[PDB]
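**Q** One structure coming up, written as structure tokens, with questions to follow.
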Amino acid sequence: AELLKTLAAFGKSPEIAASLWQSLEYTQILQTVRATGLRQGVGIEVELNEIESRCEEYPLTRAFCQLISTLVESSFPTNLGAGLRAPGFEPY
Amino acid sequence: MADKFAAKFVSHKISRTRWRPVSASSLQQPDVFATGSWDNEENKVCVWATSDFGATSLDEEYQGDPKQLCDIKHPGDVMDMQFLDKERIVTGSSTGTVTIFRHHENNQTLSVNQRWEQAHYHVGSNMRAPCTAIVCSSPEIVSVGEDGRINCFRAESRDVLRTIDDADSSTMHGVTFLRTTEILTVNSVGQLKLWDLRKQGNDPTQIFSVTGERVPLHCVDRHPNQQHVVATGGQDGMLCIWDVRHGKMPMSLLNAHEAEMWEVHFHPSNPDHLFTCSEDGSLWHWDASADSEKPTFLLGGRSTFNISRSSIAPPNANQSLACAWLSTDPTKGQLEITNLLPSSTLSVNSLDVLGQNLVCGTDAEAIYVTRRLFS
Amino acid sequence: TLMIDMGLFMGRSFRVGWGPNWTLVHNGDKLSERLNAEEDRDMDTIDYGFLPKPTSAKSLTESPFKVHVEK
């Protein structure tokens with residue numbers, strides 16, 4: 001989560017924001033392409049299921065919300081997939 | 001009151017609970033039971049043990065405890081998991097894989113027997129899909145899915161024995177036996193569909209929808225007082241009851257709610273009580289009749305706002321009484337569903353009732369159980 | 001890959017590298033040396049995957065990215 005909020009504070013630079021956008025789409029941290037070859041359906045979903053629930057405190061969720069917020073507001077889609085990626089934010 | 005619950009803070013999310021079977025016919029709670037993960041730590045199947053019944057079990061927390069035994073981890077969520085026989089286990093994967101174990105209760109392990117790696121899938125995108133419903137009557141096996149294929153298997157095979165494909169298929173919600181080899185589903189169109197295991201073809205074997213506010217029906221089950229009459233629940237809030245083995249007709253259209261019936265399940269010790277679970281944010285026990293004049297399982301539970309246990313009986317001398325079932329014209333009233341919230345609960349994704357005994361695992365990170373459903 | 005277009009008088013082929021005293025620099029495998037895909041399996045199993053990362057539509061992406069060396 002700290003890494004994520006740092007990246008959020010980095011994205012304030014628009015070209016840095018674009019680099020982060022394209023880098024994260026290449027990485028697919030959360031779940032973007034459902035083609036097998038990995039353990040898909042993972043990420044903040046899981047840890048939200050287990051730990052945040054027990055704590056009753058849920059900061060990562062909001063932080064990652066602000067993550068996409070900044071990502072979209074600074075960087076705009078140039079591409080999302082053409083048989084190479086999964087086009088569309090519709091997953092998230 | 002109604003036999004308060006034992007709550008065990010399991011620190012775990014629950015999706016699927018299914019009794020470990022011994023087939024034939026007996027009354028006990030299967031102390032052994034296999035559990036499919038909502039998200040426990042991963043998606044996994046665990047083995048768990050419950051000190052059956054208030055007899056010889058009033059301990060190990062308060063009123064018993066289920067205990068973890070072993071587990072093995074599973075790609076794709078366990079949306080559904082049914083048992084072919086005493087220790088052969090069949091679960092659907094969100095990866096669209098049909099998974100069969102043979103359990104080792106003594107070794108406390110699960111054996112990875114048989115996999116249909118291939119299942120229901122989306123066309124025009126080449127993407128995989130989970131299975132909507134598995135059907136297990138030993139040893140014949142049926143699978144039905146979002147895209148609408150039909151997957152007919154004899155036990156013990158890693159390749160498709162048959163998949164009926166159609167020039168007409170749809171999304172499927174809930175399935176039930178009508179007979180030994182006759183099957184019904186409720187669909188996402190407001191659609192009641194029929195098939196026979198021996199005879200099938202192209203496009204659905206039988207299709208129904210009629211006046212009465214056809215809504216996407218999510219849950220169907222065959223009554224604990226008879227199978228060939230079944231009940232279905234959908235969006236509108238009205239429960240639809242039917243008699244078939246080749247033709248549908250309504251026992252009742254009960255105005256039992258105003259909104260979607262996500263899942264409904266049937267009381268064994270009471271062939272005429274029901275339960276409903278709904279991720280609309282609530283979970284109701286359904287009871288015959290209405291009014292608080294009978295023990296109220298309409299507003300029962302919720303910690304406070306509790307009401308139940310009222311009664312009055314005519315001696316049949318100069319006194320007369322009538323009720324709703326004695327009317328055959330459709331569109332009946334509400335029939336006593338109570339939502340219950342102890343102090344706080346999250347999405348209960350699996351529940352089971354055996355006799356007046358009840359277990360249920362949830363997303364509330366705990367388990368809730370009762371010996372008696374009433375008092 | 002699948003060579004299924006056998007004509008005649010064909011192209012050229014390849015060799016893995018030697019290493020000192022019967023060491024082998026190998027992109028291929030000898031007995032059981034290389035893994036299949038998916039990180040999650042029923043019987044508690046994890047495996048590799050690199051090739052389908054750049055594509056949302058595979059074209060038999062068969063390109064090496066780690067060559068192991070064994071003696």
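Any read-out appearing in this document is the output of simple, stated calculations on the displayed coordinates, not a laboratory observation. Cβ sites come from the backbone with ideal geometry, for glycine too, and all protein chains shown count toward neighbours.
**Q** At a temperature of 10 °C and a viscosity of 1.306 mPa s, determine how fast segment B:1-72 diffuses translationally according to Stokes-Einstein, using the Kirkwood radius over alpha-carbon pairs as Rh; express D in µm²/s, rounded to the nearest whole number. Intermediate results must be reported in sequence, preceding the final value.
**A** Details: Rh = 13.4 Å.
Rounded, D is 119 µm²/s.
**Q** Let me ask something additional. In which sequence would B:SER23, B:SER94 go, from the one with the fewest C-beta neighbours within 10 Å to the one with the most? Spell out each step's value before the answer.
**A** Values: B:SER23 10, B:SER94 19.
Sorted ascending by nearby Cβ count, the order is B:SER23, B:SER94.
**Q** Provide the per-residue ³J(HN,Hα) series for segment A:48-56, in order, calculated from phi with Karplus coefficients 6.51, -1.76, 1.60 and θ = phi - 60°, each as a whole number of Hz, with x at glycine and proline positions.
**A** After applying 6.51 cos²θ - 1.76 cosθ + 1.60, I find 4, 4, 7, 8, 3, 4, 4, 5, 6 Hz.
**Q** Of A:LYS12/C:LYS53; A:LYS5/C:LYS53; B:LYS13/B:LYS294; A:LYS12/B:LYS13; B:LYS73/C:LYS58, which ones are farther than 30 Å apart at the Cα? Please report the intermediate quantities before stating the final value.
**A** Numbers: A:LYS12/C:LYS53 28 Å; A:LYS5/C:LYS53 25 Å; B:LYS13/B:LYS294 35 Å; A:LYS12/B:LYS13 38 Å; B:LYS73/C:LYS58 28 Å.
Cα-Cα > 30 Å for B:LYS13/B:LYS294; A:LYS12/B:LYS13; rest within.
**Q** Now a separate question. Mind listing the long-range amide H neighbours of B:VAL348? Cut-off is under 5 Å, sequence gap 5 or more, other chains count too, H placed in the peptide plane at 1.01 Å from N.
**A** Result for B:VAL348 returns B:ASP363.
**Q** Treat the count of other C-beta atoms within 10 Å as a stand-in for reagent exposure and order C:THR55, C:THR1 from fewest to most. Please list the in-between numbers first.
**A** Values: C:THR55 15, C:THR1 5.
Ranked by crowding around the Cβ, least crowded first: C:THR1, C:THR55.
**Q** Using the C-alpha atoms of segment B:89-227, what convex hull volume per residue, in cubic angstrom, is computed? Intermediate values should be presented prior to the final figure.
**A** On the way: hull volume 18.8 nm³, N = 139.
About 135 Å³ per residue, rounded to a whole number.
**Q** Based on other C-beta atoms within 10 Å, arrange B:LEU299, B:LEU194 from fewest to most. Provide the component values of the computation, followed by the final result.
**A** Values: B:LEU299 16, B:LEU194 19.
So the residues, fewest neighbours to most, are B:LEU299, B:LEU194.
**Q** Measuring from label point to label point, each 7 Å out along Cα→Cβ, what is the B:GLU258 to C:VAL69 span in nm?
**A** 7.5 nm
**Q** What distance in nm lies between label points placed 7 Å from Cα along the C-beta direction at B:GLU60 and B:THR171?
**A** Result: 4.1 nm between the two label points.
**Q** About its Cα centre, how strong a charge dipole does chain A have in debye, to the nearest 20, once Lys and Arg get +1 and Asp and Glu get -1 at the Cβ? Walk me through the numbers before you get to the answer.
**A** Details: 7 positive and 11 negative charges, 55 e Å.
Result for chain A is approximately 260 debye, rounded to the nearest 20.
**Q** Another question, then. B:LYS248: net charge of surrounding residues, Cβ under 13 Å, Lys/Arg +1, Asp/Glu -1, itself excluded? Kindly include the intermediate steps, with their values, before the conclusion.
**A** Details: positive: B:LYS193, B:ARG214, B:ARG245; negative: B:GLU182, B:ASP243.
After counting each charged neighbour, the total is +1.
**Q** With +1 on each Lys and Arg Cβ and -1 on each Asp and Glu Cβ, and nothing else charged, work out how big the dipole of chain B is about its Cα centre, in Debye to the nearest 20. Present the calculation step by step, with values, prior to reporting the outcome.
**A** Values: 32 positive and 46 negative charges, 147 e Å.
Dipole size: approximately 700 debye.
**Q** Of B:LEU373, B:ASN151, B:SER23, whose Cα points farthest to the positive end of the dipole of the protein assembly as shown (charges on the beta-carbon: +1 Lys, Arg; -1 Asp, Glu; origin at the Cα centre)?
**A** B:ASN151
**Q** Hey, another quick one. Given points 7 Å out from each Cα along the Cα-Cβ axis, report the A:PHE76 to B:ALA288 separation in nanometres with one decimal.
**A** It works out to 6.7 nm between the two label points.
**Q** Using only alpha-carbon positions, what ratio does the radius of gyration of chain B give when scaled by 2.2 N^0.38 Å?
**A** Details: Rg = 21.1 Å, N = 375, 2.2 N^0.38 = 20.9 Å.
Its radius of gyration relative to the 2.2 N^0.38 Å reference: 1.01.
**Q** Right, here's the next one. For chain A, what is the convex hull (Cα atoms) projected area averaged across all directions, in square nanometres?
**A** Working: hull surface 25.3 nm².
Average projection, Cα convex hull of chain A: 6.3 nm².
**Q** Segment B:214-251 to segment B:84-142: how many Å between their Cα centroids?
**A** Between the Cα centre of segment B:214-251 and that of segment B:84-142, the gap is 27 Å.
**Q** Give a residue-ordered list of calculated ³J(HN,Hα) values for segment A:85-92 (Karplus: 6.51 cos²θ - 1.76 cosθ + 1.60, θ = phi - 60°; whole Hz; x for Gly, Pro).
**A** Whole-Hz 3J(HN,Hα) from phi for segment A:85-92: 10, 8, x, x, 5, 2, x, 6.
**Q** Give me the net charge of B:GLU293's neighbourhood, meaning all other residues with Cβ under 12 Å from the Cβ of B:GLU293; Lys, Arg count +1, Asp, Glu -1. Kindly include the intermediate steps, with their values, before the conclusion.
**A** Details: positive: B:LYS294, B:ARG309; negative: B:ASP291, B:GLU336.
Once positives and negatives cancel, what remains is 0.
**Q** Okay, next question. What does the charge add up to near B:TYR62, with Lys and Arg as +1, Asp and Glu as -1, over the other residues with Cβ less than 11 Å from its Cβ?
**A** Values: positive: B:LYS4, B:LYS8; negative: B:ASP59, B:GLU60, B:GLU61, B:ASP65.
Computed value for this residue: -2.
**Q** Work out, step by step, the length gained on full extension between B:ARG162 and B:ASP52: first 0.36 nm times the residue separation, then minus their alpha carbon distance; give nm to one decimal. Walk me through the numbers before you get to the answer.
**A** Numbers: separation 110, 0.36 × 110 = 39.60 nm, distance 4.04 nm.
That works out to 35.6 nm of additional length.
**Q** Amide H of B:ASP31: which non-local residues (sequence gap of 5 or more, or other chain) have their own amide H closer than 5 Å, using H built in the peptide plane?
**A** none
**Q** What FRET efficiency would be calculated for the residue pair A:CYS55, C:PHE9, taking the C-beta separation as r and a Förster radius of 60 Å, to the nearest 0.05?
**A** Values: r = 70 Å, r/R0 = 1.17.
So, using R0 = 60 Å, E works out to roughly 0.30.
**Q** As a test of the formula, what do you get for the protein assembly as shown when each DSSP H run with n ≥ 4 contributes -39,500 (n - 2.57) and the sum is divided by the residue count, at 222 nm and rounded to the nearest 500 deg cm²/dmol? Working shown, then result.
**A** Numbers: 4 runs with 43 residues, N = 538.
Taking each H run of at least 4 residues, the total per residue is -2500 deg cm²/dmol.
**Q** Determine the dipole magnitude for segment C:1-66: charges of +1 sit on the beta-carbon of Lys and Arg, -1 on that of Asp and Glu, nothing else is charged, the reference point is the Cα centre, and the result goes in debye to the nearest 20.
**A** Working: 8 positive and 10 negative charges, 104 e Å.
Roughly 500 debye, rounded to the nearest 20.
**Q** A further question follows. Less than 14 Å from a label point 7 Å out along the Cα-to-Cβ axis of B:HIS104: which backbone N atoms in segment B:61-80 qualify, by residue?
**A** Of the residues in segment B:61-80, B:70-72 have backbone N under 14 Å from the label point off B:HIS104.
**Q** Return the FRET efficiency for the residue pair B:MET127, C:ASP29: r is the Cβ-Cβ distance, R0 is 30 Å, and the value is rounded to the nearest 0.05.
**A** On the way: r = 31 Å, r/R0 = 1.03.
Once the sixth-power term is evaluated, E becomes 0.45.
**Q** Turning to a different aspect of this structure: Counting only residues 5 or more places away or on other chains, whose amide H sits under 5 Å from the amide H of B:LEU69 once H atoms are built in the peptide plane?
**A** B:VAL47
**Q** Specify the residue with the greatest mean-square fluctuation among A:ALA63, A:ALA17, A:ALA82, computed from a Gaussian network of chain A linking alpha-carbon atoms under 10 Å apart.
**A** Result for chain A, Cα springs under 10 Å: A:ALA82 fluctuates most.
**Q** Separate question: Quick one: 3J(HN,Hα) in Hz for segment B:183-196, Karplus 6.51/-1.76/1.60 with θ = phi - 60°, rounded, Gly and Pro as x.
**A** These are the phi-based 3J(HN,Hα) values: 9, 10, 9, 10, 10, 8, 9, x, 10, 10, 10, 10, 8, 10 Hz.
**Q** Could you work out the equivalent-ellipsoid semi-axes for the protein assembly as shown, taking the square root of 5 times each eigenvalue of the Cα gyration tensor, largest first, in whole Å?
**A** Numbers: eigenvalues 459, 160, 129 Å².
One finds semi-axes of 48, 28, 25 Å for the protein assembly as shown.
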